[PDB]
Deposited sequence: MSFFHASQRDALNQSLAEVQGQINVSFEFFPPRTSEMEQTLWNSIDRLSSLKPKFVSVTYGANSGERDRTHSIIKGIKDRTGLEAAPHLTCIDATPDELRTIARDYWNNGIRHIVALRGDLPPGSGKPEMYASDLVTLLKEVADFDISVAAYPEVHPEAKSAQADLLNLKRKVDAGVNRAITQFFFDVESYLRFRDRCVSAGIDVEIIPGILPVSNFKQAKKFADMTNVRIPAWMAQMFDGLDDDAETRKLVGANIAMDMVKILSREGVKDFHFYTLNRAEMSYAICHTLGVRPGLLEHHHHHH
C-alpha cells in the first residue's frame, strides 16, 4: 500500500490559523501514517508544540513535531524530549536547524531518553554546507546509524535527482526508507525563493511552464497540480511507496495528488 504524511507550519495570523485547521480536517480523512509540524525560531517551540497537541486532541493522528538542537542545550533538549514522550508524542523529526550539535547528536540524545520513532532530513541535491556530496552521504549514514526510522528528503523538482540519490543511499548501506518530500507548486515565485535558499534546482521546462502566470492563480494551480501528479506517478512506478507532502498549510493540491495515488478516504 501507499503511505503518506503531511507537513504543516505554525500559523502567525488568525487567518492562517483558520486555514490550517481546515486543511487538517480535510487531509486527516486520508488517514496519513503521520503528520508533522515545522519549527521556526523567529516564527519558538511553544507554537510548534501547541499545534501538535491540537492535532492529537482533535484528530487522534500521530503528530511529529520538528525539533532542532541548534541553540538548545543538551539538558533543555532532554527535558523537552521527556515532556513530549510523557504526553504521548512518540515521533519526532530530529533536525539540527540552521546555524555545537549536529542532528546525529540529537538522535543519540533522543534515543537515550526514550524509544522515539525518529525521522531525519536527507538532501538529494546535497546540503548547502556539506564538505562534499560524499561527506553529506556519510553524514546521513552516521545520522541513520544513531537510530532513525526514516529519512525524508528536501523537496526537489528533478525526479532523477531523487532516484540517483536513493541508489547512492542503498549503495552506502543505508537501509531505512528515503521518503521523497513533495512540494506541490501553486505560487512559483515563493517556490523559487525556497529552492534558491536550499540549493534545489528548478529545471528550465518548469520555470517556462510557470512563465506569464504571475497574476493567474487558477492556471498556476492547474499547472502545478499536473506537475505534482506526474512526478508522484513516476516515483510510484519506480517503487516509491511513501510520500511526504509540504502542504504549506493548504489542502487542495495535496488532497488531489493523494487521490491520483489511490490514497482516499
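J.: Where along the deposited sequence are residues missing from the model?
T.: According to the record, the gaps fall at 1-21, 65, 122-128, 295-304.
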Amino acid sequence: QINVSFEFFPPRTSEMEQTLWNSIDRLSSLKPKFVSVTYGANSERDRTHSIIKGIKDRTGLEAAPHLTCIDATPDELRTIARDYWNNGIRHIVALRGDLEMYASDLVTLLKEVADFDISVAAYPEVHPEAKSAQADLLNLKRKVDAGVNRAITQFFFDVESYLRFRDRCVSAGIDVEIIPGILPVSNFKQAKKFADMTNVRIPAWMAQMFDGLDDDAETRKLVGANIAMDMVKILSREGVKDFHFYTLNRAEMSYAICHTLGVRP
From here on, numbers count along this sequence of modelled residues.
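J.: Between 191-199 and 151-159, point out the one with the higher average CA B-factor as the PDB entry records it.
T.: Per the deposited B-factors, the answer is 191-199.
J.: Per the PDB record, is the mean Cα temperature factor higher over 82-90 or over 132-140?
T.: 82-90 has the higher mean C-alpha B-factor.
J.: Tell me, please, which of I51, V35, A217, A225 has the highest C-alpha B factor according to the deposited entry?
T.: Comparing C-alpha B-factors across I51, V35, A217, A225, the maximum falls on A217.
J.: Among the candidates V126, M101, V120, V185, give the one with the maximum CA B-factor reported in the record.
T.: The C-alpha B-factor peaks, among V126, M101, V120, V185, at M101.
J.: If you rank the chain by CA B-factor, which third does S43 end up in: lowest, middle or highest?
T.: According to the entry, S43 has a C-alpha B-factor in the chain's highest third.
J.: Sorting the chain's modelled residues by C-alpha B-factor, tell me whether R26 ends up in the lowest, middle or highest third.
T.: According to the entry, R26 has a C-alpha B-factor in the chain's highest third.
J.: Hey, what third does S236 fall into on Cα B-factor, ranked over its chain?
T.: Tercile = middle for this residue's CA B-factor.
J.: Lowest, middle or highest third: where is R58 by C-alpha B factor in its chain?
T.: Highest third - that is where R58 ends up once the chain's C-alpha B-factors are sorted.
J.: Select lowest, middle or highest to describe the third in which the CA B-factor of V113 falls within its chain in this entry.
T.: Ranked within chain, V113 CA B lands in the highest tercile.
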